[PDB]
Amino acid sequence: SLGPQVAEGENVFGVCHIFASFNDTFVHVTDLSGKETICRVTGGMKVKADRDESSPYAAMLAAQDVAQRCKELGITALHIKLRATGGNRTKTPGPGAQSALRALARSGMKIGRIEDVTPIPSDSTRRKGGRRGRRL
Amino acid sequence: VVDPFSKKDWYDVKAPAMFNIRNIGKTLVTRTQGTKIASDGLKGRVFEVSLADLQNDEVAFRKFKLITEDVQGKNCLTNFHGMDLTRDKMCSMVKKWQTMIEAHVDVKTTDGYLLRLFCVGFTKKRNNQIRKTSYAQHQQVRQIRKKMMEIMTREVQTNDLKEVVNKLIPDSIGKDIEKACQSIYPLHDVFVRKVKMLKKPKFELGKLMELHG
Amino acid sequence: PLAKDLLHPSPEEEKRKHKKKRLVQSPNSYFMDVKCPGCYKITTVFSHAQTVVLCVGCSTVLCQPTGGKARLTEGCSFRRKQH
Amino acid sequence: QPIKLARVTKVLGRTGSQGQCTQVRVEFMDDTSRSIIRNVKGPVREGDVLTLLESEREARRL
Amino acid sequence: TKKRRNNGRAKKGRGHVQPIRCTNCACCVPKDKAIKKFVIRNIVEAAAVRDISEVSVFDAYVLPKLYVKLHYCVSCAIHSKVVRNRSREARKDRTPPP
Amino acid sequence: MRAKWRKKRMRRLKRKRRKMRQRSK
RNA sequence: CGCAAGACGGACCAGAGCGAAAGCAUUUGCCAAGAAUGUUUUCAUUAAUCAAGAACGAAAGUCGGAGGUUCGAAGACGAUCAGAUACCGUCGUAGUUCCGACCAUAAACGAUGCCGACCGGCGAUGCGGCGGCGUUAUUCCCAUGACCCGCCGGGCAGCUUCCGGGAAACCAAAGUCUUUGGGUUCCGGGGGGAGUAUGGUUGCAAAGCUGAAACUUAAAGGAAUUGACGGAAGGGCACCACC
């Protein structure tokens, strides 16, 4: 809880992890390497209704709560690493990607370089479902 | 009941002196309570820092991967581990109606830092080319690929761990690959897209202090 | 069209057809006199050579073949036989 | 925040589920060059001034 | 009766093309058979990009795009209204409308 | 009845018809 | 952050190719073909289709060995439900994987045997070979790629047409068929009964090939048209709709 940098014109970088799955949303700000973390809050830690965990409101509370916690130590800027469901499953981010990223853009938590960290299979194994898949 | 943030050593991270831009970004280490040491809890960090936070002012699609290796105190001497391209760039390049050519060369440097270089190259629909296809033959692609390999073998054997990373930020491997494969199929969007570390040798402290001063 | 001259068509129409599908079957090949810088004498070479031609006394190498018509070396100039 | 007063210069159509909200081109009384597209309730005509609360929001175009 | 000239697909001299799975379901639909879409799209669409330029530390950093090649099965393509039934002459139009 | 599951029911019963000819060997 | 595991080979990847069909997509190598093409080289009818007879033949299944990370028949449980030994979820057995044998069946479909001839047009493309200005490529000029205009050969499909056909949908093949004969193989004879019974035969088994009859019945069906209908898509109208 003690940053050694002047408050005039110095900007300390960090990294964030917006894991926008289709049944949950993780905002996870860590160190540059990512090997040690700072704070992490989910759709469930904020909201107690199971269907709207991945919702763009339960995702808005995630980035608001980290920028409430992260400012107590003194990380200025965040590098964005957007994860999807990933693997053999769908590569689209959930409905809590463009709200959680927008929510710490309402804090003014400064933005580094942006990339996809979607764990995509180069040539995939068999997907869970079946020959005919998910029948409805 | 108690805050576990009482014990976070925010050590400043050094980029090597062979590059212009110094600052990287600060990283907490769990303080030396009990046994585990600040040198011990810092020497397993791998730092994803992009091109334009290491080299003066150039393109904004390329990145690099530096480890911690030497812990003097408050200056984290980063050694070159890996290179990986932004997948906004990767996915944008690999479009339809062209021949993507990869070639991976597992080749050893002068000092025992064995890398794995990944070439990538794409066929150009020419200026007055009306044909929609822009495909090669198989024995054109193997001739490109064998020469694509042959140039990445050259820029590892010939020189040290120093003057190959002054060839990772420029096109000082990929341009000769682009130049010397003009005579087979004129390929345009041609990089080397990844480096991977496999065999890190015995750490020499005397070596890295020139790379950090 | 109705009235086409399959009896007496033009040379520009007959020669834009396959060697087997003309008015009469006649080939797309010839014999040419490949002269060399080594010796001065003349060897009559078939156009679609698909082989090697060699000079007298190991003076030079003439031809190095390809799929259809054969190459000649930069110097190996050809003088075509008409008969 | 500022409470701004953007003048209606054009009415771009009718939107909403039950068709009530008016997609409107509102010109700010501050800057007569900078403008947004804004959805408006109630009967709006050409030549009136809304009372906006923030201009961070910007209505979608169809 | 034979509804389409091609058999709802785009192989004519193969006999077997390996199936790539559906995205909405996980139906094993063949490669040529699948309705394929390739998405080229900003990671923040239009409303959020208004803000993030002020939080971007760098001199007017243009965003990365997000690249998804979707593989739709035919029951999924028409569920999400990607593709659509057409009149007996309108079927044969292979021209993608912008 | 589906022509596949008619074919399967004729098979299960052919396995049964054979079992009521096997006991006389 | 690394370690181990064995699956799989994205995007590139096409109405692109190759293979007898099945099938075949990670780079480096090797063994043995193969078409297409080019050929003023040879052989000289050696051929086309073919009962008996054979090789290969997705998947599943069987048997013995090795490996089982992902997956998922059976089984278990949670819901949904009147009930779901169902759809949905969580585990999960054989299976999925490799080697060695069996098995010989698929909507194995292009639901269209194969060799040959003939009869419209055009844009494309794939491979080979030719001919034809220039552009860039190693410049150090040429050989030559990458483009480029066309041509020809064969293949993959396309597009158009009162060639003609056809019950039509459609098809340069399903055309040249009452104006009926180019050759040759298999095969159909109202619907069911039934690919059932039986014998024969192969298989470790599952089952495969061959394959009836009694009795039964006025239709089963193909294509197209109009309507009605849809828990299909899209466009309207209304304060017996809504705002």
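Don't overthink the numbers, they just go from 1 along the chain as shown.
Placement of Cβ uses the backbone N, Cα and C atoms for every residue, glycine included.
Remote same-chain partners of the compositional bias 'Basic residues' (A:127-136), defined as residues 6 or more beyond its termini with a Cβ less than 8 Å from a stretch Cβ, comprise 88-89. Residues annotated as compositional bias 'Basic residues' in Swiss-Prot: A:127-136.
Positions annotated as SUMO2 cross-link by Swiss-Prot, on the basis of similarity to another entry: A:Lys46 (among others). Of all the Cβ atoms in the protein chains shown, 17 others lie within 10 Å of the Cβ of A:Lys46 (SUMO2 cross-link). In the three-state DSSP scheme, A:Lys46 (SUMO2 cross-link) is classed as helix.
Packing around A:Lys48 (SUMO2 cross-link) is summarised by its Cβ count: 7 other Cβ atoms lie within 10 angstroms of its Cβ, all protein chains included. Annotation source Swiss-Prot lists SUMO2 cross-link at A:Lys48 (among others).
Per Swiss-Prot, the feature SUMO2 cross-link maps to A:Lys91 (among others); the stated evidence is similarity to another entry. According to DSSP, A:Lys91 (SUMO2 cross-link) is assigned to coil rather than to any helix or strand. Every protein chain shown contributes to the tally, and the Cβ of A:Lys91 (SUMO2 cross-link) ends up with 20 other Cβ atoms within 10 Å.
Taken from Swiss-Prot, the feature phosphoserine covers A:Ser1 (among others), and the record attributes it to similarity to another entry. The Cβ of A:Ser1 (phosphoserine) lies under 8 Å from the Cβ of A:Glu72, A:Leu73, each on the same chain and at least six residues away in sequence.
Here Swiss-Prot flags A:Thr118 as phosphothreonine, drawing on similarity to another entry. Look at A:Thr118 (phosphothreonine): DSSP puts it in coil.
According to DSSP, A:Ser124 (phosphoserine) is assigned to coil rather than to any helix or strand. Annotation comment: Swiss-Prot describes A:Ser124 (among others) as phosphoserine.
Marked as region 'Disordered' by Swiss-Prot: A:116-136.
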Fewest other CB within 10 angstroms, which one of the modified residues A:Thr118, A:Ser124?
A:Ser124
A:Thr118 (phosphothreonine): which of the recorded positions A:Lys46, A:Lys48, A:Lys91, A:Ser124 have a C-alpha within 10 angstroms of it?
A:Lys91
Cβ under 8 Å to chain B, applied to recorded positions A:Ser1, A:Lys46, A:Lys91, A:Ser124:
A:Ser1
